[PDB]
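Single chain ahead, by itself, as structure tokens, in the form deposited in one PDB entry.
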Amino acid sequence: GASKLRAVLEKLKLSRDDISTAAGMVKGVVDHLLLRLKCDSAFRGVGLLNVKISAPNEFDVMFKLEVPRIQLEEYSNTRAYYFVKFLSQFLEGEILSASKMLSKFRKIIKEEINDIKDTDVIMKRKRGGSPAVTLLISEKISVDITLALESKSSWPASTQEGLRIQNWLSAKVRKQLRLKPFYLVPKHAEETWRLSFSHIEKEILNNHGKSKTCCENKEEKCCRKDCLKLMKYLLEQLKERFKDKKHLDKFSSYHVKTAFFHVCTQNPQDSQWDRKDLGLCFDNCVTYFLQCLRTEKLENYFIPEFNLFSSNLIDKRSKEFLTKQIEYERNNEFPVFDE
């Protein structure tokens, strides 16, 4: 039961030196990119947001951009995607073009990756939709660099009922977090940006307990992070197996992370994450995730009425597929976690 799950966690640790040198190799490139971008007029004020690492060999950095005051107009009744208006060059009328601002980004990075031949890097474009300009360092370490407009404005109205952390983290912490900037990434679904809160996701994962002193001492070790690790790992391991038909590629660790936050709201006390109960805690996350699949419904933690599992994004076939795989997995004490 747990023993099997502790074994997986111990295994996972064995590659703790592998990801640290691979990410140090990401760092050197990102530092290099920040310099060359602060030499351009458009991007002069860029910085790094802080918040990295998704799957093994897959990294994510965010390049924040301080911008004057933003006014948003919600695109359609899609609660996450917006237009932007008061960098002049990128105007299409009064609207700041995501597509245009994402092209001058991708441009600068392509030119300035050929030189510094020191490291062997290739610029890539991965997928449509995506706001990430995706590099591949020495054909093994791929990094997602995502540009991010910063708005020190009050969050948009579609986030009014999101971040329901009051019963787990304090109502006062939700106020602290919603006084913080939010971010727009040029993901279009069109010249449209969509909301991001990856910096808030980093804080509620690292400052995750009802007790302010969760995980700071031997009396208060919860298994929240471990559970999210096992969930992330369950998805990767399954995405490997069923790559004989590449039928699970729409699912990602964000889904696992999103669903885990939802479980943390349902189970707000550290006592529900006692590390002795790792097995039952892990069950909790897997049963909720299933429910999300089978009900075709998984709310963005910050944008409730944005359904990461609607038909728009993932079709019914792929979700029924993963429901069957995860259901079999749970019913049999997870043979994917064997040997």
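Take the two forms, find the largest set of C-alpha atoms that superpose within 1.5 Å, and that set is the rigid core. One rule holds for the numbers: they count along the sequence shown, beginning at 1.
Although not depicted, the form deposited in another entry is the subject of the following passage.
After superposition on the rigid core, the Cα of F282 moves by less than 2 Å between this form and the one not shown.
Once both forms are fitted on their rigid core, the CA atom of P304 lies less than 2 Å apart between this form and the one not shown. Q291 is not among the residues whose C-alpha shifts by 2 Å or more between this form and the one not shown once the rigid core is aligned; its shift stays under 2 Å. Wider separation of the C-alpha atoms of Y254 and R16, by 3 angstroms or more, is seen in the other entry than in the present form.
A decrease of at least 3 Å in the separation of the C-alpha atoms of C214 and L14 is found in the other entry, compared with the displayed form.
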